[PDB]
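Comments concern the structure below.
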Amino acid sequence: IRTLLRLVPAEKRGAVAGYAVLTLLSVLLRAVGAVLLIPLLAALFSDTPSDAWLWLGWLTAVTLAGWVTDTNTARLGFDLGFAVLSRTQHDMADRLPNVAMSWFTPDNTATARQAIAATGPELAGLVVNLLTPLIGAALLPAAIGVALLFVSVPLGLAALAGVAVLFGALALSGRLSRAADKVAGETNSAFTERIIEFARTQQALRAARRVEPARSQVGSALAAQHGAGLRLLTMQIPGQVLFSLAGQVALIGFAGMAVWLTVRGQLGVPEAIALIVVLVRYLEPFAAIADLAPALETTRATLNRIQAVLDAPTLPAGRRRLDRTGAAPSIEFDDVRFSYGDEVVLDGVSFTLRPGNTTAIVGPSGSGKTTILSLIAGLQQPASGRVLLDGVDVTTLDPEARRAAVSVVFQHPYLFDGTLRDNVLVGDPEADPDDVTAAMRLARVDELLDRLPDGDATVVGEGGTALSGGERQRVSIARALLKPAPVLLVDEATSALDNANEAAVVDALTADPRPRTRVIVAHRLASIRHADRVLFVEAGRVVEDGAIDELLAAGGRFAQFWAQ
Amino acid sequence: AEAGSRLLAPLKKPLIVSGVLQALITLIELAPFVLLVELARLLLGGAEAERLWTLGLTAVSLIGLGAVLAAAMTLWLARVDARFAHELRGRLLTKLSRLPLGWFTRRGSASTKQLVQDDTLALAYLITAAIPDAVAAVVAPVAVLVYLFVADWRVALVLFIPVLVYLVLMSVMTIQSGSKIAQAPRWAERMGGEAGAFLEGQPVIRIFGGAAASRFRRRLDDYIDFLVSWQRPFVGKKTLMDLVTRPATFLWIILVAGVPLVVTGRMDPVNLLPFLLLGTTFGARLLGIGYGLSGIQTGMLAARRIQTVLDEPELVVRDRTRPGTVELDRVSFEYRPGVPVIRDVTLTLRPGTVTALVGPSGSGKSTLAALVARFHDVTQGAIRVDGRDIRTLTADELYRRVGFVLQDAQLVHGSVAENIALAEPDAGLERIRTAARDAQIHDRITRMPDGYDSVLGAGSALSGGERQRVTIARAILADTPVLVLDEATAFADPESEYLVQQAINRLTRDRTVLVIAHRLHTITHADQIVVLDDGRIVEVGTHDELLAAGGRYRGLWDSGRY
Ligand SMILES: Nc1ncnc2c1ncn2[C@@H]1O[C@H](COP(=O)(O)OP(=O)(O)OP(=O)(O)O)[C@@H](O)[C@H]1O
Ligand SMILES: Nc1ncnc2c1ncn2[C@@H]1O[C@H](COP(=O)(O)OP(=O)(O)OP(=O)(O)O)[C@@H](O)[C@H]1O
Ligand SMILES: [Mg+2]
Ligand SMILES: [Mg+2]
């Protein structure tokens, strides 16, 4: 195969050659071991059987050297399979946090999930279970043919004729079944994605009665997945028939040329009898290739998914760094433009944030507020224009410095499955417990510790599913505040919290003792308390901006926003 | 396994047939070599040509017959499995449609996908090839070895040596990797969970920790370290079994035990013919079952995991056996035993009455809404809609009676129309636009490229406020007697929130409504405001009455102004 030699490490290319040399050597030893029965039995049946010892000794030397070769190529294939497994997986794990957000379409996300889901033993045992026996079965009929040229040239050519039939059948079997095998993979992938939606969206589906398989989209996907599954089973009938014809055609050719030589005296009777066993050894790779041929197309799709992930467009980056790690940077946008596909979110927003102060952003739903925060935090990047941290373009900044210079509170607080403390410690794992306790206290997560039975060991579910809407929001705020980065971004921290908890969190977002440049995306007039500056964003541009009192006195769009 | 045998009851007769058919097929596949042996004996004897032709052509045809029968049986037997997997995936999706939602939350979407797809797919070997291989590995070696035993015992007892070494290799491989086989599906679920959260929680990982510090990668390394420890001794034994059972190993050890007998006056070279022709044939039968023992183990465990879900408590619809009235009577609920979440709540919702359920975060208000929808079953007391117990209503009757918005704007992978029309998929575009216009999201959908067919896949096409307005659009189109709003318009700005609430008031002026909202100033006009604090009804009354009472609601209201 051609894609596996690309995914293989540059370190292991020495080991790849040792694999290739030994797998060829095993094929030659297996063919020579098969063909060594011809002179062995020819001498065994003769009037002097003692001459059989020479070929038996050669047979023992050839077969024991097979075991050493096949054991060594198995160890090498095991290493190369796991070296490819570790290498490809770590490259997908390193690349995916750098991939552009636009790459995560519903199809690509399924591809990434499937590619990551190939970490199981099936991909690890690629070389041992597929390529070693595929190469062995593809070349052993050819090797047995070449080994028979020493016995009789016309017979060796007959076997090579049967080899050409084999490779023809192998090429055609893949050709016929490829159209149906693609559809089987597409339908099976969609079925997986719909099971995940089915389990994640159980609440909404059940209320809408789209949960039973007769009416559910997962139930339809199971029907299409079954239709394509059965079609593939039928469309693989030509492949099995064609291999069976190839195995029979080669049997007639090899057996015919053996009897044509035997009657004419060019081959003795014992050589013909030995050739029956060599024919059987020669015919086994025909059936084995039929068993391995279906696996070749699945693995080709699997490596195509992994290669799709690795070829994904990473985000631009440089190697710059901020002047100071912990000092408050100045954030500014300079004709930043952005667009999700054809839809345009920002049309040249331009603003400047003084370092250490707190600023607020407000505007109608879908205006672009979370887009502005994502550009600040580096999740997105502009189609054109620049976002500067302390005068340093985000695009030219090192990934590690860019990641460490921002902590954000997301609109839809996602917590990873695991305990409550683990999600808090994600902000800064090295932090001592005194900083962790201070982070929780500021976020009113201490109230969860009192009320909840397991305290900080509370096992959150998938996402923040096993916590309240406000409880997961508070855990997210504690995670964000724990990170010591000098910029803090708040995206609807007031959405899911009662009036008492909202006031405590709003007070604590500004009462944090570290110096940071704060951007607040709030909802209420009271949620923007202690805000030095406010930016009104509407239709993708900052239409109005100023202080709370100044904008209220002006009676502009800001005042009309609260009037409903 | 009772949990597996109970599941594979429907395929009793397809499996018994496959066992018998493989018994005949292997005998048919061994028949040519018995003929080719007879062809060989007569060649030394120089018999008449037509006799040799008859043995030659019958042997070649029986090879064709055996390949056709073995091929045809694998076509049928694969199709039988594909039909059982389709049915069994149907049974699972029907079961999970009935379980309480506690099953889903404590389990995760990764474990369900393993259940529906990977566990059913794991049964493929157990149905399609386990009993064929088991019968083939029994009769073809037994037939071959017994025939070879009659031919010559000396070379026959030497054939035991590859066989016994193979048995020890497979027994040692099985006991060694058995523990790893049990731990394997749990590891796959955990990494399935970590892979899912890694893709879904990408904005978090991109900022808090990055690639190296990610808990996905730390688990990824641990999984690969589990795989290496599992697969090194396993693959290390697999190739040892391949080497021992190969035709070349049988052919070499036959010649080693025969050639010294041929050279001495102890065995004729003609009696070697059965062994060289048949003795090398039965290795691939033993090698099939040896590689299949792990497939059976994953199959039996997958069957046990599937049947364990198929006997789960089902949220049954019992046969015990005012319009729009919902009554909660002494209702108590616990997500897990030992912690009370709801404590003896008693509340009555009547037609044409807007009820506001407010209180501290984590007080249980969304849990009450979940009990009205019957995602979970109350641990005490009863819930009755229009005077009929919810546990007696069927899901179609229940969900035709109540409509829901659930605070988590989940959207299904499909068009916006396939999300707005989720309740009534047959509903026309004229209703879908009318629902969206009333939910105040039609302006957004018009500006999309595909219009009302634009796809809403993973993390696409909508923001948080816009995702909710789709969900309210869905609830409007369902058009049920009762409506339950769990923090609807939480992300909606005041200009849009007023328009949406005005639409809901217009649509539900004679419908039971249960508004849940933390913003107390948006529920100033509920005819009754229920205060839920720590899972109990601490006070009930109008807005003005609760302010005068000076209790929990007065504190929350005063604390709202900051
Ligand atoms: N993943 C996405 N793909 C395509 N368009 C998107 C995506 N996320 C948001 N949009 C669109 O971008 C525009 C602004 O989205 P954004 O997430 O910035 O909203 P927002 O300002 O946070 O609003 P809200 O108050 O509703 O949360 C809207 O048109 C929204 O539909
Ligand atoms: N699926 C769940 N599994 C376990 N505990 C849960 C689950 N859902 C909620 N809880 C817990 O039940 C209690 C109340 O949960 P619930 O979702 O009813 O809160 P709530 O009052 O609706 O919250 P909010 O006002 O923040 O939306 C809290 O302890 C919460 O942690
Ligand atoms: Mg947003
Ligand atoms: Mg809630």
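Here Cβ is always computed from backbone atoms with ideal geometry, including for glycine, and neighbour counts include all displayed protein chains. Every number in this text was worked out from the coordinates using simple rules, so none of it is lab data.
For the range A:125-189 and the range A:199-218, what is the separation of their Cα centres, given in Å?
One Cα centre to the other: 47 Å.
At q = 0.13, 0.15, 0.16 Å⁻¹, what log₁₀ I(q)/I(0) does the range A:12-308 have when each alpha carbon counts as one equal point scatterer in the Debye sum?
Scattering profile of the range A:12-308, log10 relative to I(0): -1.00, -1.18, -1.27.
Once the cut-off is 23 Å, how many percent of the Cα-Cα pairs in the range B:194-333 end up in the long-distance tail? It would help to have the intermediate numbers written out before the result.
On the way: 6938 of 9730 pairs.
The answer is 71 percent, as a whole percent.
Provide, as a two-decimal number, the C-alpha radius of gyration of chain A over 2.2 N^0.38 Å, N being how many residues it has.
On the way: Rg = 34.3 Å, N = 564, 2.2 N^0.38 = 24.4 Å.
The value comes to 1.41.
Averaged over its residues, how many other protein chain Cβ atoms are within 10 Å of peptide B:211-218's Cβ atoms?
Values: counts 9, 5, 4, 6, 6, 5, 5, 0.
Neighbouring Cβ atoms belonging to other protein chains average 5 per residue here.
In whole angstrom, how far apart do the alpha carbon centroids of the range A:472-494 and the range A:403-429 sit?
8 Å
For the ranges B:308-321, A:466-479, A:350-363, what's the packing order if you count other beta-carbon atoms within 10 Å of each residue, average per peptide, and put the highest first? Display every interim value, and only then the final one.
Values: B:308-321: 11.9, A:466-479: 26.0, A:350-363: 18.9.
Highest to lowest by the protection proxy: A:466-479, A:350-363, B:308-321.
Using the Karplus curve 6.51 cos²θ - 1.76 cosθ + 1.60 with θ = phi - 60°, what ³J(HN,Hα) values do you get for each residue of the range A:45-61, in whole Hz, with x for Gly and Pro?
The phi angles translate into 7, 6, 5, 10, x, 4, 6, 5, 5, 4, 6, 5, x, 5, 5, 5, 5 Hz.
Along its three principal axes, how long is the range B:2-310 when you only count alpha carbons? Whole Å, largest extent first please.
Principal-axis extents of the range B:2-310 (Cα, largest first): 84, 40, 32 Å.
Just how far, in whole angstrom, is the range A:283-329 from the range B:156-188 if you go by their alpha carbon centroids?
Centre-to-centre (Cα) distance: 33 Å.
Quick one: if you stick a label point 7 Å off each Cα along the C-beta vector at A:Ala327 and B:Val256, how many nm between them?
That separation, rounded to one decimal, is 7.9 nm.
With N denoting the number of residues in the range A:126-183, provide Rg(C-alpha) divided by 2.2 N^0.38 Å, to two decimal places. Display every interim value, and only then the final one.
Working: Rg = 14.6 Å, N = 58, 2.2 N^0.38 = 10.3 Å.
Dividing the Cα radius of gyration by 2.2 N^0.38 Å gives 1.42.
Which one, A:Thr352, B:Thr26, B:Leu240, projects farthest toward the positive side of the charge dipole computed for the protein assembly as shown from Cβ point charges (K/R +1, D/E -1)?
So the residue we want is B:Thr26.
In debye, nearest 20: dipole of the range A:186-314 around its Cα centre with unit charges on the Cβ of K, R (+) and D, E (-)? Spell out each step's value before the answer.
On the way: 11 positive and 9 negative charges, 112 e Å.
Rounded to the nearest 20 debye, it is 540 debye.
List B:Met300, B:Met73 from most exposed to least, where exposure is judged by having the fewest other Cβ atoms within 10 Å. Working shown, then result.
Working: B:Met300 21, B:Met73 17.
In order of increasing Cβ crowding within 10 Å: B:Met73, B:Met300.
Per DSSP H run of n ≥ 4, the term is -39500 (n - 2.57); total these for chain B, divide by its residue number, and report the mean residue ellipticity at 222 nm rounded to 500 deg cm²/dmol.
Numbers: 22 runs with 334 residues, N = 562.
The helix-only estimate for chain B comes to -19500 deg cm²/dmol at 222 nm.
Compute the Rg to Rh ratio over the range B:326-559 from the alpha carbon atoms, using the Kirkwood formula for Rh, and round to two decimal places. Mind dumping the intermediate values first?
Values: Rg = 18.0 Å, Rh = 18.4 Å.
Rounded to two decimals, Rg/Rh equals 0.98.
When each pair of different Cα atoms in the range B:453-545 is counted once in the 1/r mean, what is the Kirkwood radius in angstroms, to one decimal?
Values: mean 1/r = 0.0671 Å⁻¹.
Hydrodynamic radius (Kirkwood, Cα only) of the range B:453-545 equals 14.9 Å.
Once every Cα of chain B carries one equal point scatterer and solvent is ignored, give the base-10 log of I(q)/I(0) from the Debye formula at q = 0.06, 0.12 Å⁻¹, two decimals.
Cα-only, vacuum Debye calculation for chain B: -0.52, -1.21.
Can you tell me the dipole magnitude for the protein assembly as shown around its Cα centre, using point charges on the Cβ only (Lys, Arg +1; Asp, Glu -1), in Debye to the nearest 20? Kindly include the intermediate steps, with their values, before the conclusion.
Working: 110 positive and 112 negative charges, 332 e Å.
Dipole of the protein assembly as shown, to the nearest 20 debye: 1600 debye.
How large is the Kirkwood hydrodynamic radius of the range B:365-487, counting all unique pairs of alpha carbons, in Å?
On the way: mean 1/r = 0.0653 Å⁻¹.
Kirkwood hydrodynamic radius for the range B:365-487: 15.3 Å.
I'd like the mean, over residues of A:61-74, of how many other protein chain beta carbons sit within 10 Å of each residue's own Cβ.
Values: counts 0, 2, 9, 1, 0, 5, 7, 0, 0, 6, 4, 0, 1, 7.
Averaged over the peptide's residues, the number is 3.
List the chymotrypsin sites (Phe, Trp or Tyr not before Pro) within the range A:133-220 that DSSP assigns to loop and that have no more than 13 neighbouring Cβ atoms inside 10 Å.
Taking the range A:133-220 and a limit of 13 other Cβ atoms within 10 Å, the loop chymotrypsin sites (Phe, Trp or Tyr not before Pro) found are A:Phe150.
Using just the Cα positions, wrap the range A:331-564 in a convex hull and report its mean projected area in square nanometres, one decimal place. Let's see the in-between values first.
Details: hull surface 51.9 nm².
The number I arrive at for the range A:331-564 is 13.0 nm².
Note down the relative contact order for chain A as a percent, whole number, built from C-alpha pairs under 8 angstrom at least six residues apart. Before the final figure, lay out the partial values.
Details: 818 pairs, mean separation 76.2, N = 564.
This gives 14 percent for chain A.
Just the number, please: Stokes-Einstein D of the range A:169-327 in µm²/s, Kirkwood Rh from C-alpha pairs, 4 °C, 1.567 mPa s. Please report the intermediate quantities before stating the final value.
On the way: Rh = 21.0 Å.
After rounding, the answer is 62 µm²/s.
Treat the range B:383-437 as a sphere of radius equal to its Kirkwood radius over Cα pairs and apply Stokes-Einstein at 4 °C in a medium of 1.567 mPa s; give the translational diffusion coefficient in µm²/s, rounded to a whole number.
Details: Rh = 13.2 Å.
Taking Rh from Cα pairs, D becomes 98 µm²/s.
Where Rh is the Kirkwood radius over the Cα pairs of the protein assembly as shown, the temperature 25 °C and the viscosity 0.890 mPa s, what D in µm²/s does Stokes-Einstein return? Walk me through the numbers before you get to the answer.
Working: Rh = 33.6 Å.
It diffuses with D of about 73 µm²/s by this estimate.
Rounded to two decimals, what is the ratio between the C-alpha radius of gyration of the range A:206-275 and 2.2 N^0.38 Å?
On the way: Rg = 26.9 Å, N = 70, 2.2 N^0.38 = 11.1 Å.
So the range A:206-275 has a normalised radius of gyration of 2.44.
Averaged over peptide B:99-108, how many Cβ atoms belonging to another chain are found within 10 Å of each residue's Cβ?
Values: counts 1, 0, 4, 1, 2, 9, 8, 5, 3, 9.
Across B:99-108, the average partner-chain Cβ count within 10 Å equals 4.
Give the value in nm², to one decimal: projected area of the alpha carbon convex hull of the range B:76-135, averaged over all directions.
Numbers: hull surface 18.0 nm².
Seen from a random direction, the Cα hull of the range B:76-135 projects 4.5 nm² on average.
Report the rotationally averaged projected area of the range B:289-378 based on its alpha-carbon convex hull, in square nanometres. Kindly include the intermediate steps, with their values, before the conclusion.
Details: hull surface 42.1 nm².
Average projection, Cα convex hull of the range B:289-378: 10.5 nm².
Over 24 Å apart: what share of the alpha carbon pairs of the range B:55-201 falls there, rounded to a whole percent? Display every interim value, and only then the final one.
Details: 6425 of 10731 pairs.
Here the long-distance tail beyond 24 Å is 60 percent of all Cα pairs in the range B:55-201.
What is the fewest-to-most order of A:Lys182, A:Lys12 by other Cβ atoms lying within 10 Å of their Cβ? The partial results should precede the final answer.
Details: A:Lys182 14, A:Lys12 17.
The order, fewest Cβ neighbours first, is A:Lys182, A:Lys12.
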